[PDB]
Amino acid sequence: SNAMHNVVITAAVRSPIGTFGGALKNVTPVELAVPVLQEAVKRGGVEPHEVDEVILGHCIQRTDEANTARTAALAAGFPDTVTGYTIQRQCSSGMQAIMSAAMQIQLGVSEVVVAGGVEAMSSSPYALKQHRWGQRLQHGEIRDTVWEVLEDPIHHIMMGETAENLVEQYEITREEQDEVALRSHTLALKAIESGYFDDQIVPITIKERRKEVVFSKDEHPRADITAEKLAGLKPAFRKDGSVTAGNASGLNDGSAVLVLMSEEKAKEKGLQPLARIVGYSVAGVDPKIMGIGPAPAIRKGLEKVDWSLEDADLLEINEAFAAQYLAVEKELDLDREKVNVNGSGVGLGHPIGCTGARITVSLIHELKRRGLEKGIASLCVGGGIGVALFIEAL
């Protein structure tokens, strides 16, 4: 009679997503997480002291903000009792944070967990590898941590090259990629104008040197992205290639946070949750085609939760590259009309640590807006991993 508690989600919020060198240029990951943590708890039906753990996914962790989760909890003014830990599973980090929170709740390790992800790519440092013991002679390299994290650590090829591998494998055309890219911006712009993201977005106040900036709207979507402009871009990873800056996701800044608790705890509190978690799955694939990860992850997960793919009402499949998304779409034979319905990574941006949580936030709110139930959120991961999360809106 050992019990496994159902996991429900009582709040789901995010910062707007900044562009590289944009509104969040001078914000650290802890600074970017803090206001979102604060608003999540305010909406989530709990006081800070009731939070058992903060778990954050973070790709480019910083030693000056060791343990991003614990540091952000304290910086947010939460009691010293609110512990935290930080997760690195590359692009899926923010989704793994939610899964790890669910595990703690299912087991009764925690009753309430605040979980999500953050990435502040714009403020990420440069590194010197030979400074400690010396370069001795000849020129050295000062390494961009953002550019490093985009390079596979075993094969030393960029994520964009792994995308071109999928282009060749799945015979994906430049037109197909650019159609998806245009769609991503177009649907994002429409959602923004229609106010679809108003509820889920937490404005960030940036204290600059001589003023304060209130950042409240996603800044990656571009009205000037047209079929014409996309077709004129040069290939970014291979000569005679088709993956470009225009049909690839951006480098971006953002945070996203959910409040999760046992269903019994929500009943105790008299709270109507937004959604429940019904399952999650992780699958490993060839790092050289890491973008295909969501296919086996989704298949594995559907088997576990006893859904057909057709049962899903909406899906969020992160667009790391349009080509990568297209490979997943072709492999699973997805109905695009149910997928990324307000855009995805190409139009909205890809703050990597954040994204796995960001797409979950967006999915929850869009299911509710449409009055639909079943959602799948899934994304590829550098290093060759796919992760999928299965939810039901309440």
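The first residue of the shown sequence is 1; numbering continues from there.
Legend: mean Cα B-factor per stretch from the PDB entry, 106-114 versus 281-289; the higher mean is in 281-289. If you average the C-alpha B-factors over 8-16 and over 376-384, the higher value belongs to 376-384. Taking only the listed residues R62, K368, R70, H350, the entry reports the highest CA temperature factor at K368. You'll see in the entry that, of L137, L128, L302, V202, the Cα B factor peaks at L302. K217: CA B factor in the middle third of modelled residues in this chain (values from the PDB entry).
Per-chain ranking of the deposited C-alpha B factor places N26 in the highest third. Among the modelled residues of its chain, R210 has a C-alpha B-factor that falls in the highest third, as given in the PDB entry.
Among the modelled residues of its chain, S194 has a C-alpha B-factor that falls in the highest third, as given in the PDB entry. Among the modelled residues of its chain, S255 has a C-alpha B-factor that falls in the lowest third according to the deposited record.
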